[PDB]
Amino acid sequence: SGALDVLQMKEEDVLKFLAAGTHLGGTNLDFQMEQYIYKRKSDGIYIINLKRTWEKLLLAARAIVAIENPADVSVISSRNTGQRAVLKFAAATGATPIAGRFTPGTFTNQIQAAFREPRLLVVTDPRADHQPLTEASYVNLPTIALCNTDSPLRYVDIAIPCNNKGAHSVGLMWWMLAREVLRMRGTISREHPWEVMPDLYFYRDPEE
Amino acid sequence: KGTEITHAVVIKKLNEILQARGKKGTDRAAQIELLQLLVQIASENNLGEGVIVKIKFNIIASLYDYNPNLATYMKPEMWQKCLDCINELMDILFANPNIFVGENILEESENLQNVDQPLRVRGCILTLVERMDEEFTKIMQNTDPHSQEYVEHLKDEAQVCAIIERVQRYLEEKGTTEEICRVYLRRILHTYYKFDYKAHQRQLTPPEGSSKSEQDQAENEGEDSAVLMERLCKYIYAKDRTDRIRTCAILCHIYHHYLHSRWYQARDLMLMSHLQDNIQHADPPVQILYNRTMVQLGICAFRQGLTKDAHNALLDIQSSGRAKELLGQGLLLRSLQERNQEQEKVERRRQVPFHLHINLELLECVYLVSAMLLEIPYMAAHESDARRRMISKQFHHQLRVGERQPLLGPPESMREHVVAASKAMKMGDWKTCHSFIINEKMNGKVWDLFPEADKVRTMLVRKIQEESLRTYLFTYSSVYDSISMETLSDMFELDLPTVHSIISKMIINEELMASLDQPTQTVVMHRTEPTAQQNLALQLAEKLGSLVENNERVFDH
Amino acid sequence: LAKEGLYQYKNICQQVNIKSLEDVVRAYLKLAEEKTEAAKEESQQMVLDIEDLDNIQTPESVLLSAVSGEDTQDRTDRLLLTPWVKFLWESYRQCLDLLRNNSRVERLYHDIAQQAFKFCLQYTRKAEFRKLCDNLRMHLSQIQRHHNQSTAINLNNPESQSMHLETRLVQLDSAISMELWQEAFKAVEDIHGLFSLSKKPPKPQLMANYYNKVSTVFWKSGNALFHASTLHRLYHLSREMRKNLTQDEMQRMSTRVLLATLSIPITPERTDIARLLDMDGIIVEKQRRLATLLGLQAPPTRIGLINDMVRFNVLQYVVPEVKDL
RNA sequence: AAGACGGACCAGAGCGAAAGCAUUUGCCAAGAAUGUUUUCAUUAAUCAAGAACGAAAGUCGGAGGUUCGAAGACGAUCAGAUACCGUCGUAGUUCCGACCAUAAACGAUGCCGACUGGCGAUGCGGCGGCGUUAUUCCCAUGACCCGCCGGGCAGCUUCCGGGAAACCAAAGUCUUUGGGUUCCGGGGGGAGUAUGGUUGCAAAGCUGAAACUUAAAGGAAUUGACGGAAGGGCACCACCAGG
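The rules we used
- Residues numbered from 1 in each chain as written, not as in the entry; some residues may be left out.
- Chains lettered and ligands numbered in written order.
- Part of a larger assembly, values for the part shown.
- Heavy atoms only, no water.
- Residues with missing side-chain atoms left out of burial classes, pairs and counts.
- Buried < 20%, exposed > 50% of the residue type's maximum accessible area, 1.4 Å probe, protein only.
- Helix = DSSP H or I, 4+ residues; strand = E, 2+ residues; numbered from the N terminus.
- Pairing = 2+ DSSP bridges.
- Right-handed = clockwise from strand over helix to strand, strands pointing away.
- Contact = heavy atoms within 4.5 Å.
- Axes fitted to C-alpha atoms, helices over the stretch in contact; angles between N-to-C directions.
- Patch = residues over 30% accessible without salt bridge, like charges linked within 9 Å, V, L, I, M, F, W, Y side chains within 5 Å.
- Areas by Shrake-Rupley, 256 points an atom, 1.4 Å probe, with all protein chains shown as cover.
- Salt bridge = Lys/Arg side-chain N within 4 Å of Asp/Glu carboxyl O.

- Per the PDB record, the structure was determined using cryo-EM to 6.30 Å resolution.

**So, the pairing of strand β6 (residues 143–147) of chain A**
Residues in a regular strand project their side chains so that they alternate between the two faces of the sheet.
All names here are of chain A.
Alright, step 1. Taking burial as the measure, the five residues of β6 include five buried ones, the bulk of the element.
Alright, step 2. Neither face of β6 is exposed, since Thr143, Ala145 and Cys147 on one face and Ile144 and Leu146 on the opposite face are all buried.
Alright, step 3. As paired strands, strand β5 (residues 120–123) and β6 are joined by three bridges and run parallel to one another. Residue pairing for β6: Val123 is matched across the bridge by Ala145.
Alright, step 4. With helix α4 (residues 130–138) bridging β5 and its parallel neighbour β6, the resulting β-α-β unit is right-handed.

**Here we look at the arrangement of the chains**
Alright, step 1. Chain B makes no contact with chain A, the minimum C-alpha separation between the two being 25 Å.
Alright, step 2. At their nearest point, the C-alpha atoms of chain A and chain C are still 31 Å apart, with no contact between the two.

**Side note on the sheet that holds strand β3 (residues 73–77) of chain A**
Residue and element names in this part refer to chain A.
Alright, step 1. Spatially, the five strands line up as an open sheet ordered β4-β3-β5-β6-β7, and their pairing is parallel. Looking at which strands have only one partner, the edges of the open sheet turn out to be β4 (96–99) and β7 (157–161). Neighbouring strand axes in the sheet, compared pairwise and without regard to direction, differ in orientation by 20 degrees on average.
Alright, step 2. Contacts between helix α2 (residues 50–64) and the sheet are confined to β3, β5, β6 and β7, with β7 contributing the most and set at about 140 degrees to the helix.
Alright, step 3. The strands that helix α3 (residues 80–92) touches are β3 and β4; relative to β3, the one it contacts most, it runs at about 160 degrees.

**Re the pairing of β4(A)**
All names here are of chain A.
Alright, step 1. Alignment of β3 against β4, held across four bridges, turns out to be parallel. When the bridges of β4 are listed, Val75 appears paired with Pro97.
Alright, step 2. Traced from β3 through α3 to β4, the parallel crossover comes out right-handed.

**Some points on a nonpolar patch on the surface**
Alright, step 1. The grouping of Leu544(B), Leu547(B) and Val548(B) at the surface amounts to a nonpolar patch, some 280 Å² of accessible area in total.
Alright, step 2. Within the element layout of this structure, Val548(B) appears in helix α27 (residues 533–556).

**With respect to unusual backbone geometry**
All names here are of chain B.
Alright, step 1. Of note, the bond from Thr72 into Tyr73 is cis; its omega dihedral lies within 30 degrees of zero at 0 degrees.
Alright, step 2. Tracing the sequence through the fold places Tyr73 in the loop between α3 (49–65) and α4 (76–95).
Alright, step 3. Residue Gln521 is not a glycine yet carries a positive backbone phi of 60 degrees.
Alright, step 4. For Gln521, the location among the structural elements is in the loop between β2 (515–517) and β3 (522–524).

So, in structure tokens, the structure goes:
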């Protein structure tokens, strides 16, 4: 797995999961995400399993790892809370950030304003990124999607359960998934955690 | 009304009350009143008068089931409807015997052997008397103490006890011996909290011009048939071995032996039946009755004035703060232990009626004062710079909670009357204790509780006089080298055969170096010395020096 | 009377102190009726109870008195109880009555002492006790709010004068002495600091002299070393008012000094043999400590405490029979 | 006074085989759901015949006719209106006891049984809750919340699958064709006419053709165009104010 110890959640991670609120989920019944739910709050708010978060945080990184290019890894964030995060994901991982609208046709559409050639897609919310997920399904593209307890799961390959909506739960996973790949391939090597905080991350919060 | 004919519809009109109860939803007001409609419509007699017999058997069953139905704890007027018709059914039964029980005298309308079992319905009539008794048990429990109406409901106990006579007299002792677990206990149930006050009106009313007719020679014997039937069914609780009730009876016999008889028997029967162990397996609400019993042992230790037994019957009780919950009245946040409310609901739906509550302020004045006259001359030996028997966890420690009170003015609390009399006991003046105890327990009505309390006071008069004479001798011991017997007979108001029993036991049992000439009535002591009491105080120290030095080698080897 | 009082908390914290003070008058008219509602049936049940015969009820009196059923009359006892929702709410209001409490410094602090002394002498001495602990806390925590409240405007000095009376009356009448005298001693000590805050007022100190003079009776009843403190504090704080107020009581002051001489030394030997084993030095410390409260820190002896009154020229001023005695 | 009818409350709700059922209250037996270590031991399934029920108008005979109201007629309407319209009104409506047996009795959609997906309600019963509220001195109630169980009403939602599409967890598990049982169609007519049967008091109901006629009829869906369909904008070849 790599260095198995910090790959079994450290309290630095564990607090940040609580700090970004990733453990929380929605209120909706699942049939593909209820495995990733730890428990539910009084009259229903789902505590997700951070074990399921981390173990999918490892393997979806390991899907990106041993691709010799982050250039054919197009990471996707239509949410503005992750647009700083995929900016700081592409700053750290080197992947291809996708902010905002997909502009339908980058994967189809010979005659088009653009064309991209990825291999794996990473998604903040497959409902907010369904237009990537359509053209992921069109031209044989696997897709990692951050899924909460209300997310869609059709055409969704390996899914990391997170709260991943609104809060810093978005920018923590991009802090963590860029952690996990530099943990595997980088100068934060040999499965060491980061020394870079998620304050280079979490989204802008227009300032004073 | 329902149907205007005889017997045949009426049993079906009887069974329709018997059938309609067994539902998840059932009102039972109509079930009661139609039975009275079937009383009057059975104007035929033994074609219908026997129908009333099962109607009165089923009125009470309809009256009883009517009030775990809305509230709660049956209303006592609904219970007095039970009290009316149980009386009325026995009024029928005294005129009845074994008719509509049938037993092939006739069959229609007869035969409680027709469905079913002619004694069992008669036996369940006795179980309807239980239903009169069970709600009255709640009525004695769930009615307020300060409420003067609680006394009004408590007046109906003799009316129940009348039926306890009237059943067993109409019995036909199938019901007696089969229910000798209970029908005998029904005789206990009106005995084991009863009083010597009526026994003073029974036995100590002089039978010279009062108990000359056979009227006071039948009702007073019924007052002591209850103290008879308990001994009559000691030997039947040899048969009816029934350790949930047998151990419970013998403790109530010990009640009768302590209160209703002489407490020498109650001391024996506790030693006799050995009820240290049976109480555990047999329903520890009987342990509450056991703890009620050894309290009442200490009561008749105090009624017989025995101070050690007032301390030693309050050994399973007053070595613990359990005695609050030994009447079942402790609070949940009284400590960090009493949890929870639902178990508190179980214990307090169970326990206890207010006439079954007792005076714990008396019990503390039983427990504290009894060792106050003991331990103070005892500690006056200790506080004479000679101590080896300092007993930890004692009335000494029950004194400590009242001792260190420099602000304490007038004695007003029950412990304050003890602690003031304790200081009066420490002065050696006997008279000063009597101001602090006897008047203040009349002020707090604690003396006002017994008819024997004048003797109990007079017993504790001499226990103050003889023992403060000892603290007179214990405290002023070094300079008393000649001690009178003529003066001390006049001083502490104690006659010579007491004083000879005092002063010899002051010389023999205390082992004071003292010459005595009882012909001359003179005690000659010469203790020698008070500066060598420090030599005794150092031999208090250095003897401990040799022991743990030896114990240093005892553990290590 | 409490849910509406929760409005009366927040609705009448709206600066109509005409309305606030009149409701304090109504806060007595709360209790003025339901004091009498018991007090009618105090007679009227006992009209019926004497009309009832105890001779026929003698086995029920055995069911009463051997049980100690103690036939109280709940006609009173429940009409006794319902003005406690009227009483205790106003005490519970009092700590929250900040920034002026002058409808209550004038009235309610003393109206509590008015209402308490009725119901304490009627039935409720234990409902007195914790309430006086409650009042002392709702004295203290109300001060510990410090939302525009001081003592030096003589706000807390009549709050003292009410609460001191609330202590000293029940103590003398019938109370446990260990507890309410601490409610007096914690009142007297703090308000000695509040007198120190409010530029020592000698007339509540003359009341404190009377609080000593009360205690001189009580410490000839309870503790001679406290009486060694208090009778020495009785006389000189009066002798200050002989100078401060210029008392022209030349028969009384010549006879209060002989009152101050004779009782003051008499401290015999202790009789407590167990208390010597039970660490007398803790007790004499409290005998010292509440004498430090009164300002006569070490409890003075037999003879040298006389000599305080002898060296001071008031022994000359004794009505001369005692002087000869 | 008369006779009529219980609005609103009143719903993707209930019950009832449908046709159906809206004042209260009572009686009467019924039926569903639910729960059920109860019982029967497979008694089950579906259905020609056969039978029940089956709106309405009609009719049979009354009551009834307040109200309305086929007919009916005007007043008005229009080239014509008998119609809509206004007026008056018969039968009818009202209701009883009959026939009638029909309806778009339509959900245009056999039964029963099986299997295949997501959610949130609601009527129901039973259950789970340190759930709330609520009464009596509080429990046990109930109102209600979360959850569950069903059998419901159904809804929403998805390459569940299909379908000509429309749409449909059924209108899926069909060419990879078969759960069982009943019913019905073979392009369009002529025509439910003829013909006979047949009932019904009749009105009419039911069973049920041929000659001849025809290469189209039909269905969805796309696209136009149209509208006395609806919603948008603009021009003095359109208005306004005007000359």
